[PDB]
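Just the one chain here, laid out as structure tokens, in the form deposited in one PDB entry.
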């Protein structure tokens, strides 16, 4: 696929690297406001390509106009999410960038899927789509999903390949494990000794721990988000807990549920979950709506 990267920070680069080396991206244009960053990153990529035999086309640019004719545009531009900053405050910071980008990118990229990575990620997507009018998904809880899976694996001392299931609903600390999806060696999770609350708060707390010690989350989200790009690029039909647009009284919101991801997206599979999880998902919609609507009002004091 031809993929455009808006943001060449830590997560931008990890995502780009990982999707380029897997083959999911044959052609990429990489954009940032920082002068000469895209260019130097491109040199890095080209050196990495030599040892692998990768002939993919790559352009690092400081000119937004060079991002045109893309199939997918991955947006990771924005201030990071450190503990002590509320969702509301980050929203106020970062929505500006999305509103700006909504005015420029759609012009140069006709049928492009927009993939949001910048936080607060599902809210960033809802805003970007509100103003861009382009189809926009959020990476959502696919990362959370893989965190849950690896944790259950280490705890039971089994390979991760024996764990199935999804985290969904709202992003980050508001995420919920969809327990009706979770299976261990193919069997209901209730047959095993696992403490659900422990799993749930590992998932919610680990990104904060990682940021505290290292300064940022990269290898995990960047591979996981690159695997989303790959399932689109290769039309793999992987079910992923990304967040897709839904109409709700009657604004557009994004919430995560297991969704079929291929050359086309989706459908989402919320209708196939048990009662408890459909309930948690409904609740997530109500709460997202409330919070997002409020933040939208606040922001709209973009005075005079």
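In this text, the rigid core denotes the largest set of C-alpha atoms whose superposition between the two forms falls within 1.5 Å. Residue numbers count along the first chain shown, from 1.
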Between 5-13 and 292-300, which has the larger average Cα B-factor in the PDB entry? 292-300
Stretch exceeding the other in mean C-alpha B-factor - 58-66, 238-246: 58-66
Taking the values straight from the PDB record, which of 190, 170, 227, 209 has the highest C-alpha temperature factor? 190
Just the C-alpha B-factor column, please: which of 140, 220, 165, 84 has the biggest number? 84
Rank-wise, by C-alpha B-factor, drop residue 279 into the lowest, middle or highest third of its chain. highest
Could you tell me which third, lowest, middle or highest, the C-alpha B-factor of residue 159 occupies within its chain? lowest
Chain-relative C-alpha B factor for residue 262 (record values, thirds): the middle
Which third, lowest, middle or highest, does the C-alpha temperature factor of residue 42 belong to within its own chain? lowest
Going by what the PDB entry lists, where does residue 75 fall on CA B-factor within its chain: lowest, middle or highest third? middle
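Although not depicted, the form deposited in another entry is the subject of the following passage.
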Which residue moves between the shown form and the other one, judged by a Cα shift of 2 Å or more on the rigid core: 96, 185, 88, 108? 88
Could you tell me whether residue 83 and residue 288 have their C-alpha atoms closer or farther apart in the other form than in the shown form, knowing the shift is 3 angstroms or more? farther
